[PDB]
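Chemist: Structure below; questions to follow.
Chains as they are written, first to last, in the entry's author numbering: chain C, 24 to 100; chain B, 60 to 135; chain A, 1 to 154.
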C-alpha cells in the first residue's frame with residue numbers, strides 16, 4: 024500500500040554515493056517506485072526456482088540465479 | 060549496506076505475499092536482495108550525474124532515473 | 001553458450017547536426033555458424049515519459065552468419081521530429097543499439113545523447129518550438145551502457 028523499504032535519508036546517501044550533488048523532492052517517490060519494480064521482477068523470478076524446485080525457504084542462491092537472469096550492465100567493451 | 064535492513068525486510072515480505080501468501084525467505088537471502096538493490100540504485104544515480112555535468116542541470120529529476128532505466132532495458 | 005559476442009562499438013561523425021544520420025562501427029564475433037536470423041536495430045528514445053515515442057530508425061536483418069569476426073558500419077537516418085515531444089527535444093535522451101537472435105534481444109548498447117543549440121542566443125533564449133535544424137547532437141561516446149541478457153541460443 025504505502026509500505027516502503029528505503030528511507031529518505033537512505034535515498035540521499037545513495038544519491039550522494041552516485042556523485043549526485045542535489046536532488047528534487049520528486050526523486051523520493053520515483054526512486055521508491057523504481058525499487059518496487061526491480062524487487063517485483065527479481066522476487067517473482069526467484070519464486071520460480073523455489074516453487075518449481077518444490078521448497079518453502081528461498082535460499083541465498085535462489086536469488087543469485089534470479090539476479091544472473093536480470094541482464095548485466097557493463098560500462099565498456 | 061546503506062539501507063537499514065528491517066524496513067527493507069518488511070517491503071520484501073509484503074511483495075512476497077501479493078504473489079503467494081504462503082512464502083518464506085531467510086536472513087542471507089534478503090541480504091542478497093538488499094545488496095543488489097543498493098548496487099542497482101547507485102548505478103541508476105551514477106547515470107543521472109552524467110546528465111547534470113553535461114547539461115546545465117545540476118538538480119536531478121525523475122526524468123533522469125526513467126532515462127537510466129531505459130538504457131538498461133527492463134523498460135525495454 | 002553465448003553464440004555472438006559484441007567486441008566494440010565506435011560512434012562516428014560525432015558530434016553533428018541533429019539531422020545527420022547515426023553511424024556506429026560495430027565489431028562482433030560468431031562462435032558457431034549461425035542458422036537462425038540476426039537482427040540489428042537503432043532505437044531513438046523520443047521521450048523518457050513513455051516507450052510509445054521510441055522511433056526504430058533502422059533494422060539490419062542478416063543471415064545465415066558465418067563463424068568468426070565481422071565488422072560493419074551501421075548507418076541510420078535521424079528521427080522524425082514531428083513525433084518528439086517538445087519538452088524532451090532539447091537536453092538529454094538516449095539512442096540504443098540492439099541485437100536479436102531468433103527474435104530474442106541478447107545485447108543492448110545504449111548512449112546518452114545531448115541535443116544543444118549552438119548559437120548562444122538560442123542557448124540563452126531557447127525558442128518555444130524546438131528548431132531542429134539548429135540543434136547539434138552530441139552522443140556521449142565515452143559512456144556506453146552495454147547490457148547483456150541470457151537468451152536461448154539452442
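Each residue gets a CB set at the ideal place from its N, CA and C atoms; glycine is no exception.
Chain A partners of residue 122 (chain B), CB-CB under 7 Å?
Modeler: By Cβ distance, chain A contributes 48.
Chemist: Tell me the rounded alpha-carbon separation between residue 101 (chain A) and residue 72 (chain A).
Modeler: Straight-line Cα distance between these residues: approximately 18 Å.
Chemist: As a quick exercise: from A:66, A:67 and A:133, pick the residue whose alpha carbon is nearest that of residue 115 (chain A).
Modeler: Minimum Cα distance to residue 115 (chain A) is reached at A:133.
Chemist: List the residues of chain B whose Cβ lies closer than 7 Å to the Cβ of residue 147 (chain A), in chain order.
Modeler: Neighbours of residue 147 (chain A) on chain B, chain order: 131 and 132.
Chemist: According to DSSP, is residue 83 (chain C) helix, strand or coil?
Modeler: Of the three classes helix, strand and coil, the one that applies to residue 83 (chain C) here is helix, per DSSP.
Chemist: Against chain B, with Cβ distances strictly below 8 Å, would residue 71 (chain C) count as a contact?
Modeler: Residue 71 (chain C) does not count as touching chain B.
Chemist: Can the beta-carbon of residue 58 (chain C) be found less than 8 Å from the beta-carbon of residue 29 (chain C)?
Modeler: The answer is yes: Cβ separation under 8 Å.
Chemist: Out of curiosity, what's the CA-to-CA distance linking residue 123 (chain A) and residue 114 (chain B)?
Modeler: Taking the straight line joining both Cα atoms gives about 11 Å.
Chemist: Any residues in the stretch 112 to 126 of chain A with a beta carbon nearer than 7 Å to a beta carbon of chain B? Which ones, in chain order?
Modeler: Listed in sequence order: 112 and 114.
Chemist: Give, in chain order, every residue of the stretch 41 to 72 of chain C whose Cβ lies closer than 8 Å to some Cβ of chain A.
Modeler: Within the stretch 41 to 72 of chain C, no residue qualifies.
Chemist: Measure the alpha-carbon distance for residue 84 (chain B) versus residue 106 (chain B) and round it to whole angstroms.
Modeler: Between residue 84 (chain B) and residue 106 (chain B), the C-alpha separation is close to 32 Å.
Chemist: Within this structure, are the beta carbons of residue 66 (chain C) and residue 74 (chain B) separated by less than 8 Å?
Modeler: In contact: residue 66 (chain C) and residue 74 (chain B) (Cβ atoms closer than 8 Å).
Chemist: Any residues in the stretch 71 to 96 of chain C with a beta carbon nearer than 8 Å to a beta carbon of chain A? Which ones, in chain order?
Modeler: The residues in question are 91, 92, 94, 95 and 96.
Chemist: Quick check: what's the CA-CA separation for residue 69 (chain A) versus residue 12 (chain A)?
Modeler: For residue 69 (chain A) and residue 12 (chain A), the distance between alpha carbons rounds to 21 Å.
Chemist: At a CB distance below 7 Å, what residues from the stretch 67 to 91 of chain A approach chain B? Give them in sequence order.
Modeler: So the close ones are 91.
Chemist: Nearest to residue 124 (chain B) by CA position, among C:27, C:25 and C:41, is which residue?
Modeler: Taking only the C-alpha atoms, the option nearest residue 124 (chain B) is C:41.
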